[PDB]
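Asks: pasting the structure only:
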Ligand SMILES: [Zn+2]
């Protein structure tokens, strides 16, 4: 059968938006003392299922958990 | 007015010949022609298929 | 004292893999540890940040968790199971975990024994 | 009460859905205690195709593998079978939903794949459409082999061997017990008088094309017995070729 | 040294594109086609017109 | 459970079917 030519044309899709890689975010949660005491910087969520381990985000005014969608003042 | 000389010869894509193994010659070829026709006969209801028949 | 210290751990790890009890990485290693579901902690001696180490030691100190210290994290990649294997069984993906936190154990007669002995010698 | 009026409202939203931000009441369905009562008010059968994709997108992310599985089994999988029977080809959003359903492979296999082949009524067209999504999305080795073992032990249909081939096409390193089930699967047709389709031979081809290194002499010669009883003019010499040029371990 | 050898492979591909395909030239989307083919005309028949 | 098995060399993973 009569073959199609296939055309060129170059349009760059190389530039595409990717969210920023935050490196080593575990140290921001806890401040360890020289003796060995653990101090938590962020509020821990007291929800139904996501307790004891899951922290809340520090907004400019409020606190926000990232699993259950709990919001404060 | 019109008249090209050898138009269709120069327009055709020059396809290179494939490399196949050599054919047997003489008595050896005739032997193979015999065994392909009279020895390993496959039964057919009416015989309508040829030797070169491609589809 | 039939099996060794750096031999019986593999069985523990393998059982944990089987029974879905491996909290590896960094955040799964930490957030499950404070949830008091996790029993043990394994740490890499080869490290880039001492703060991490300090944190780990604090974690181990607080909930009375026993600390095990293995030389390199790249070695622990074979111990945990973060390698993609070929048909013959050849590793082509080299990723090694610095913290291996144990949630669950398989009911063992040898590994659990030797490890227990080691623990009782330590403490 | 008043909650029944909220979800009867969103019932008329999801029936006419195309795009945009969904109502927040819909996004918190797997967080509820009595979620199956709520879902019946929203009427999943009357939903638009576009809505179905974002419905699946909610259930796959909100954890609970057991809650995720029962959504696929009751809502998603019947709708897939409803449209392949009707339109003969699948809708785009409905297809995109199935790729999103593979974010929880456990709930995927136990909810979509295994229940489909167990029904027996699964057609060839249904199998290829869903089976192509298996080829597209990478699946964990443990879960990949676990689904492969069930299908090998399962009752034979034309649609069944399509899935089995496509799982071997992924070319992961296999557990050894799975290989024993796969050999026992194919050797189950060694005495069968039934005419086997071309898709069956291709599945046997892909098994030998990749996993010729992990076949012992006992099962290796048992396969040569299989091709001697159930032959093919085109494919059987190729499997015979692949077995004869095989190096074990 | 390698510039001419790269140009040779460009010529080899150009020859293949003009043996498989008669004289298929892609229209530029950047420059206007009536400007790029300014001096060109259409013949009804190459033999007679 | 089948008859003809793995026979020779290596057991990397035990596998969880249960
Ligand atoms: Zn949240």
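Replies: Here it is on my side, so go on. Residues are numbered from 1 along each chain as shown, chains lettered A, B, ... in the order given.
Asks: up against chain F, what does chain C have?
Replies: Proximity of chain C to chain F, by Cβ under 8 Å from any Cβ of the partner chain, involves residues C:14, C:18, C:81, C:85, C:89. All C-beta atoms are positioned from the backbone trio N, CA, C, and that covers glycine.
Asks: turn the residues you listed into TSV, including distance to residue A:43.
Replies: TSV is the format used below for the residues of chain C next to chain F (distance: Cβ to Cβ, whole Å):
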residue	distance to residue A:43
C:14	39
C:18	37
C:81	35
C:85	43
C:89	47
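Asks: can you select the buried ones from these in PyMOL?
Replies: Selecting only the buried entries of those in PyMOL, with 16 or more other Cβ atoms under 10 Å in any protein chain shown as the criterion:
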select buried, chain C and resi 14+18+81+85
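Asks: can you name the two of the residues of chain C next to chain F that are farthest apart?
Replies: Across the residues of chain C next to chain F, no pair lies farther apart than C:18 and C:89, at 18.3 Å, counting by Cβ to Cβ.
Asks: do stretch A:55-70 and the ion meet at all?
Replies: Yes. Using Cβ under 5 Å from the ion, we find that stretch A:55-70 touches the ion at A:65, A:66, A:67, A:68, A:69.
Asks: of all these, which comes closest to chain E?
Replies: residue A:66 (46.3 Å; Cβ to the nearest Cβ).
Asks: who touches that closest one in this structure?
Replies: When the contact criterion is Cβ atoms under 8 Å, 6 or more residues apart in numbering or on different chains, the partners of residue A:66 are A:54, A:56, A:57.
Asks: quick check on whatever residue of chain F ends up closest to the ion: phi, psi?
Replies: Nearest residue of chain F to the ion: residue F:16, at 31.2 Å (Cβ to the ion). Phi and psi for residue F:16, reported as degrees, to the nearest 10, are phi -120, psi 100.
Asks: is it in contact with residue D:142, as I believe?
Replies: Yes. Counting by Cβ atoms under 8 Å, residue F:16 touches residue D:142, with 6.6 Å between them.
Asks: and residue E:46, how many neighbours does it have?
Replies: Neighbours of residue E:46 under the rule other Cβ atoms under 10 Å in any protein chain shown: 6.
Asks: check contacts around it.
Replies: Counting by Cβ under 8 Å, 6+ apart, residue E:46 touches no other residue.
Asks: Three-state assignment for it, please.
Replies: The three-state label given to residue E:46 by DSSP: H, G, I helix; E, B strand; the rest coil is coil.
Asks: what's the spacing between it and chain B?
Replies: 10 Å (Cβ to the nearest Cβ, to the nearest Å).
Asks: if I look at that residue, how far off is residue B:2?
Replies: 10 Å (Cβ to Cβ, to the nearest Å).
Asks: cool, residue D:119 as well?
Replies: Taking Cβ to Cβ as the measure, residue D:119 falls 70 Å from residue B:2.
Asks: and the residue nearest the centre of the chain?
Replies: Assuming you mean chain A. Central residue of chain A (Cα atoms, centre = their mean): residue A:22, 8.0 Å from the mean position.
Asks: check chain C too.
Replies: residue C:100 (3.5 Å).
Asks: pull the longest helix from chain B.
Replies: Among the segments of chain B that qualify as a helix by DSSP state H, the longest is helix B:27-35.
Asks: buried ones among the residues of stretch A:55-70 next to the ion?
Replies: By 16+ other Cβ under 10 Å, these give residue A:65 as buried.
Asks: let me know the closest of the residues of stretch A:55-70 next to the ion to residue D:184.
Replies: Once Cβ to Cβ is applied, the member of the residues of stretch A:55-70 next to the ion that ends up nearest residue D:184 is residue A:67, at 44.7 Å.
Asks: what helix or strand does the residue nearest to residue D:182 when sequence neighbours are not counted sit in?
Replies: Distance criterion Cβ to Cβ, 6 or more residues apart in numbering or on different chains; nearest residue to residue D:182, sequence neighbours excluded, is residue D:152 at 5.1 Å. Residue D:152 is part of helix D:141-153, with elements assigned from DSSP states H and E.
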